Amino acid sequence: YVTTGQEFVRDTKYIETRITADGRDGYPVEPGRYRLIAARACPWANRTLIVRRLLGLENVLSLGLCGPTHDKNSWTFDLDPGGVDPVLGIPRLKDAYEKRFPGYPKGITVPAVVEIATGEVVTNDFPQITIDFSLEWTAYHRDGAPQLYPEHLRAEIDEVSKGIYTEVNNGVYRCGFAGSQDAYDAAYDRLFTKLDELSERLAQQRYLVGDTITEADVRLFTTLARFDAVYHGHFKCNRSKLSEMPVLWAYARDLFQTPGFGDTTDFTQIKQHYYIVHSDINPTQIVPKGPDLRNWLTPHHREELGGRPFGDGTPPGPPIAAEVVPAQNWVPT
Amino acid sequence: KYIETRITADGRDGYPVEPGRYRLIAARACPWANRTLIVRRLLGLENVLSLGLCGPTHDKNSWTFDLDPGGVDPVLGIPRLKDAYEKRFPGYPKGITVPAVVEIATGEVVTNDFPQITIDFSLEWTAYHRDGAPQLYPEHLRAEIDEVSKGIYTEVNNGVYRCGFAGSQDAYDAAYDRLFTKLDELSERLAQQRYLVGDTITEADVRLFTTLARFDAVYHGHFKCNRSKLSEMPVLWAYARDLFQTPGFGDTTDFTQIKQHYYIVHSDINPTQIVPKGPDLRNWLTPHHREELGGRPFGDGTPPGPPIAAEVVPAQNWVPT
């Protein structure tokens, strides 16, 4: 994904169709009807996983997981018996996009939500997808699900999240995929200015917006989770490691240790994906054995800043057994 | 395989020590050469052994003098170091390496055997040491220095190369383990003890320092030696900063040219040839509290003064103030 001598500019051609309570676009919410396709590697998809997990939608929206590696045709189901998705029965996700738009020319991405009976991709617009879990699937939330996107905060959530998106979520990509020293230099500065900006903010406050975990924290978390494991070396975002940024590190560990976050995070598949798939940046395709992950489970003292994580909700229980991250792929006990 | 000819007090190989006769060629980038620089600097040999510096970047013909007026070495007058090896061995087929010591009048490489070169500064140039030069390789410690240094060489100095240049995951994995086992071994040792061997800075500390100096800037990312950054290894980091802040060490260290060399020359590992702008170097100048462990750095010697003016590291290339 690197254009030589050029800044990395992302191609945002998504399928914007929505799954909604009223069924406006021809796709009403109902249990057993749709299936979420994701990968532990990709941070956009990893939000979907966390959100689904926080709202208890496991029993009503099925989940398929792609393997971290693949060729030019994008995600495949190579971790699975048969090399095919248990439910959809396809070997690669492109078939699901094909079934809807024969010849689909745009990017074949995760997360994607597929309608089961038809085998067709409904949507892959990951920012709208996570909102729609909070707003449209509201009838099937578990008791104690939180308000990740309550009306009275959306303005603030939206302004913070756009900042983070451009400067951080995508900031890291804009560094790593930079095709020139100068492009890279510019990204590096914007990235670390922002992180300082966010350090100041979170010194003052347990979470990004208000009193509670919200959609903003989730979006930020998927990037910090990948920082030391990938972005720091692979993408050369290397002013300093995350673990050397006192407040952001503490914030990160607070979220990681919060149920529904760290339990969605597979460090082996994350590394494998970046270091092996991006052969243009790392042609040896050797995956670093570091970093040592144990520091993630160390005490953060963010409780001392107050807040209620779930805010008159409850933490979810542990994941269903097929969605648990293998112990060897997680932090060592 | 090196050129094993020696420059020696007795002149055994036809190359006696004398001032003004030889010139050391080095590069700020290469850690083998960087020892040379430190040692020369600790023993006050600046005024009697001249110094040329190569630029960090070059073609398949190795080191060039492209930081210098004219694109040539001030004294030798050559554009690339290969010429100096050529003038001695006209087909020279082996590696064109720094550090190299060149005899000025003739323009020929005398030696590039870097482990022997630094010993020979301590032992053979002894008559031209400044007052207060230390004993980096005293007879009564050599055994211990030698055994420690060999361990460090294979597991660490050369450990990092074996990771970065590994041609397979498994090769890499093996190098990674040996590397970090050793660094733990050394952490244990330096917890109780201010320096590696005995009471004093010695040849061992110098050899270890050139590698730690490059760890966070290069080896950690570029070579993927990434269990943890140096700055997260409490004792080794404190040891490293103690040496860095010791005159003759940090003042020989150019972080810009180090990074430039690894990240640009090794296109096979890093084909964008983009040089990271990190890490932030300021932590190097922070307090280490190793004085509490006792020791005398120079051991009835004195620290050297600051470097001669053409040997100072440009401020922009060093740590920021």
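Please note: Cβ atoms are built from the backbone with ideal geometry, for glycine as well, and neighbour counts cover all protein chains shown. Each answer follows from the model by the rule given with it, or from the source it names; nothing here is a laboratory result.
Quick notes
- Some residue of the stretch A:23-42 being more than 14 Å from chain B (Cβ to nearest Cβ), in contact (Cβ under 8 Å) with a residue 60 or more places away in the chain, at negative phi and among the β-branched types (V, I, T): yes
- Scanning the stretch A:4-20 for residues that are surrounded by fewer than 14 Cβ atoms within 10 Å (Cβ to Cβ), in contact (Cβ under 8 Å) with a residue 12 or more places away in the chain and on the phi < 0 side of the Ramachandran plot returns A:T4, A:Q6, A:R10, A:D11, A:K13, A:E16.
- Count - residues of the stretch B:135-184 that are closer than 24 Å to B:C30 by Cβ and of a type outside the set (S, T, N, Q): 29
- Among the residues making up the stretch B:219-228, those that are buried (at least 24 other Cβ atoms within 10 Å of the Cβ) and either out of contact with any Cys (no Cβ under 7 Å at 6 or more places or on another chain) or within 17 Å of B:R189 (Cα to Cα) (or both) are B:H220, B:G221.
- Where helices (runs of 4 or more DSSP H) fall wholly inside the stretch B:195-305, the ranges with 2 or more residues that are more than 13 Å from chain A (Cβ to nearest Cβ) and under 16 Å from B:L42 (Cβ atoms) are B:203-214, B:234-244.
- Among residues of the stretch A:104-122, those that are closer than 18 Å to A:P31 by Cβ and surrounded by 22 or more Cβ atoms within 10 Å (Cβ to Cβ), counted: 3
- Exclusive hit being assigned to a helix (DSSP H, G or I), in contact (Cβ under 8 Å) with a residue 60 or more places away in the chain and either under 22 Å from A:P246 (Cα atoms) or away from every other protein chain (no Cβ under 14 Å) (or both), set A:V168, A:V172: A:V172
- Checking A:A155, A:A186 one by one, the residue that is touching a residue at least 12 places away in the same chain (Cβ under 8 Å), surrounded by fewer than 17 Cβ atoms within 10 Å (Cβ to Cβ) and in a helix (DSSP H, G or I) is A:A186 and no other.
- Any chance B:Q135 is within 24 Å of B:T36 (Cα to Cα), more than 11 Å from every other protein chain (Cβ to nearest Cβ) and polar (S, T, N, Q): yes
- Within the stretch A:283-302, one or more residues are in contact (Cβ under 8 Å) with a residue 12 or more places away in the chain, of a type in the set (D, E, K, R) and either touching a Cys at 6+ places or on another chain (Cβ under 9 Å) or surrounded by 14 or more Cβ atoms within 10 Å (Cβ to Cβ) (or both).
- Filtering A:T193, A:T212, A:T258 for residues that are surrounded by fewer than 22 Cβ atoms within 10 Å (Cβ to Cβ), outside the structural domain of A:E7 (by CATH) and over 19 Å from A:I50 (Cα atoms) leaves a single hit, A:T193.
- Failed item in (1) at negative phi; (2) away from chain A (no Cβ under 14 Å); (3) touching a residue at least 12 places away in the same chain (Cβ under 8 Å), with B:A309 passing the rest: (3)
- Filter result for A:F77 (hydrophobic (A, V, I, L, M, F, W, C) and surrounded by fewer than 21 Cβ atoms within 10 Å (Cβ to Cβ)): no
- The residue that is nearest to A:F261 (Cα to Cα), counting only those in the stretch A:145-183 that are of a type in the set (F, W, Y) and assigned by CATH to the domain that holds A:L195, is A:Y165.
- Looking only at the stretch B:171-181, and only at residues there that are within 26 Å of B:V265 (Cβ to Cβ) and not aromatic (F, W, Y), the one that is surrounded by the most Cβ atoms within 10 Å (Cβ to Cβ): B:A175
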